[PDB]
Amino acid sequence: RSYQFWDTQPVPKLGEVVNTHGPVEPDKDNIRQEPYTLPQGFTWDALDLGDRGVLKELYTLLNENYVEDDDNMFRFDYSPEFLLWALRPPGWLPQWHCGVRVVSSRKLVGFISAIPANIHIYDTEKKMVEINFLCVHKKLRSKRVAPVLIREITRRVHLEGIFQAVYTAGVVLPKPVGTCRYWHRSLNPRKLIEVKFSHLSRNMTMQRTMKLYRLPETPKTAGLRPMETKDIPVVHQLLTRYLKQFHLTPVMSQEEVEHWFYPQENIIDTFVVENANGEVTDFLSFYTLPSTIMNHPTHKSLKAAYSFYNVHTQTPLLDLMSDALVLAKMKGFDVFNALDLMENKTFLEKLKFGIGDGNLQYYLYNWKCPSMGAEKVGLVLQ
């Protein structure tokens, strides 16, 4: 296999075993001041997401042209407020919300973003960016527009003095630093079967299936309650200590913890365990991301909850996640998704998650290190 674009990049070769931790290439000390050229009739436009009209155009581009499953049944449907949460965390920069418009119509047809993140990779901590929401309009696909978007965001990140990035993708590219698998816990099995998310699996009836996936009506962990403002510091402390066991993690300031965890309805939920002493000892979190269901006369949207960061010090992990399922169910979710990273393997089978189709590969740009098992990945991106 060759990669006409990826082969020119500072990433390791697929198939080479890596034994040397460090940058692929030295930092560039002068950077190109001019944007890379797009094809004729298209232009750059940095997108002001504080503008309601412009945020809606981005919502529409992603709603119509972002990630689908291999059979074109489901497409992510990130909401405008969720996009604002994802794309404006602390340290966000306007030039890192990189759009492509058609010159004549103004139509938004491409996007890529970067947000700043401190990343701990093995024994190094490095200021990086996280690249997300790369999207080319379906009518514009396969015209090598994706490499221009990647090069242009790279140049704009370089201008800010940053030379490493982290990203995930569904496809295998040079070269995954780790490979995760999605698993799903049914919460409304009837809808999931009706919309062909899952199959009636041999040999159980529908009635057996609903019974199998039935959950308690309220969580069982004593003192579980939503996170509040007073909890920001101890959620920050617990998260920092907990992550030290993994090899790829974020290093978040207290302000980033407030942004990523403080509850926002229909975007992010976090529940803490406040014990009999008033001490918060654990927390669970999950974010809300629906997917459009296409070509179906009755069901239009599948409501999914996604496991975020789950920190146990005193409640067993297995119990926290069981309460996470119960809460997702009570909130009206159809499915709970989680990856096999961190210590998630310890609960996935027990709590009746089924394996799904498709990997999520983790990558670093301009950094070589050995790859790691999923159990060592402790970074979750939206």
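Counting begins at 1, following the sequence as shown. Under this definition, the rigid core comprises the largest set of C-alpha atoms superposing within 1.5 Å between the forms.
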| Higher C-alpha RMS shift from the shown form in 7 other deposited structures of this protein - 132-140 or 299-307, rigid core fit | 299-307
| note | For 218-226 versus 161-169, entry-based mean Cα B-factors point to 218-226
| Per the entry, where is the mean C-alpha temperature factor higher: 352-360 or 38-46? | 352-360
| What's the residue among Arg32, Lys329, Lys56, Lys28 with the greatest CA temperature factor in the PDB record? | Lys28
| note | Per the deposited B-factor column, the C-alpha that peaks among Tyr182, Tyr242, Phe82, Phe74 belongs to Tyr182
| field | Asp269 CA temperature factor, ranked by third within the chain | value | lowest
| Sorting the chain's CA B-factors, does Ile112 end up in the lowest, middle or highest third? | lowest
| message | How does the C-alpha B factor of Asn337 compare with the rest of the chain: lowest, middle or highest third? | response | middle
| Entry-reported Cα temperature factor of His247, expressed as the chain third it lands in | middle
| query | What third of the chain, by the recorded C-alpha B-factor, contains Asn63? | reply | lowest
